[PDB]
Colleague: 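The structure's right below; bear with me while I get my questions together.
When a residue number appears, it is its place in the shown sequence, counting from 1.
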Amino acid sequence: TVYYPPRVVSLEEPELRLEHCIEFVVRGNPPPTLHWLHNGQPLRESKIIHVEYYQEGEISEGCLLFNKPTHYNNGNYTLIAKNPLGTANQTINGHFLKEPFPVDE
């Protein structure tokens, strides 16, 4: 492969960042796999929606984070966790922003 030594392209002074966090803690042995649903549908993650772990393994702890969510992010969020001995799912309601009034009759 083509090698080259390390280079820091960018490093910036601190900037404030407001995000909404859906905090979770899951236990399971063996360590469970985690999947999210938004209103029963599979959640599409990105740079706006990202999961951060403070710890993984038998105890998984962290946040599903929202950077600048819209009203479309409103609704139910379900966390499904599965391992060979079972599955588990819990649902919470997330309200981020006001749902606009309807424009049509």
Colleague: List in chain and number order the residues that pass side-chain contact (heavy atoms from CB on, under 4.5 Å) with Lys68, two or more places apart in sequence or in another chain; answer none if no residue qualifies.
Modeller: none
Colleague: Working to the nearest 0.5 angstrom, can you tell me the gap between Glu58 CD and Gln55 CD?
Modeller: 10.5 Å
Colleague: Quick one: which residue pairs count as a side chain to side chain donor-acceptor pair (under 3.5 Å) with a foot in residues 8-17, not counting sequence neighbours?
Modeller: none
Colleague: Under the 4.5 Å side-chain heavy-atom rule for ILVMFWY, direct or indirect, which residues accompany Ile48?
Modeller: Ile22, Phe24, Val26, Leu34, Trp36, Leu43, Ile49, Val51, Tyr53, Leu64, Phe66, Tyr77, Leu79, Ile92, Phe96
Colleague: With sequence neighbours excluded, what pairs up with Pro84 under the side-chain contact (heavy atoms from CB on, under 4.5 Å) test?
Modeller: none
Colleague: Do the side chains of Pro32 and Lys82 get nearer than 4.5 Å, heavy atoms only?
Modeller: no
Colleague: Just jot down the side chain to side chain donor-acceptor pair (under 3.5 Å) partners of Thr91, sequence neighbours excluded, or say none.
Modeller: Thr78
Colleague: With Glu52, which residues qualify under side-chain contact (heavy atoms from CB on, under 4.5 Å), at least two apart?
Modeller: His50, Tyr54, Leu65
Colleague: Keeping the roles fixed (side chain from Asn39, backbone from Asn76), state whether a donor-acceptor pair exists under 3.5 Å.
Modeller: yes
Colleague: Tell me, yes or no, whether the heavy-atom count around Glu19 atom CD, taken from other residues, nucleotides or ligands under 6.0 Å, exceeds 12.
Modeller: yes
Colleague: Taking all non-hydrogen atoms of both residues into account, name the closest pair between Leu37 and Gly40 and its distance.
Modeller: CD1-O, 3.7 Å
Colleague: I'd like to check the side-chain contact (heavy atoms from CB on, under 4.5 Å) partners of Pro102; sequence neighbours left out, ordered by chain and number.
Modeller: none
Colleague: Within the side chain of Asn83, is there an N or O that forms a donor-acceptor pair under 3.5 Å with the backbone of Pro30?
Modeller: yes
Colleague: Which residue pairs satisfy the disulfide (SG to SG under 2.5 Å) criterion with at least one member in residues 66-105, sequence neighbours excluded?
Modeller: none
Colleague: Distance check, rounded to the nearest 0.5 Å: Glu99 atom CD versus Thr70 atom OG1?
Modeller: 8.5 Å
Colleague: Tell me every residue that passes side chain to side chain donor-acceptor pair (under 3.5 Å) with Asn89, counting only those two or more places apart in sequence or in another chain.
Modeller: none
Colleague: Would one find more than 12 heavy atoms of other residues, nucleotides or ligands at under 6.0 Å from atom CD of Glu45?
Modeller: yes
Colleague: Clusters formed by hydrophobic residues whose side-chain heavy atoms approach within less than 4.5 Å: which one holds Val25, and what are its other members?
Modeller: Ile59
Colleague: Any side-chain heavy atom of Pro100 within less than 4.5 Å of one from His71?
Modeller: yes
Colleague: Under the 4.5 Å side-chain heavy-atom rule for ILVMFWY, direct or indirect, which residues accompany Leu97?
Modeller: none
Colleague: Is there any disulfide (SG to SG under 2.5 Å) pair reaching into residues 26-105, and which pairs are they, with sequence neighbours excluded?
Modeller: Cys21-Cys63
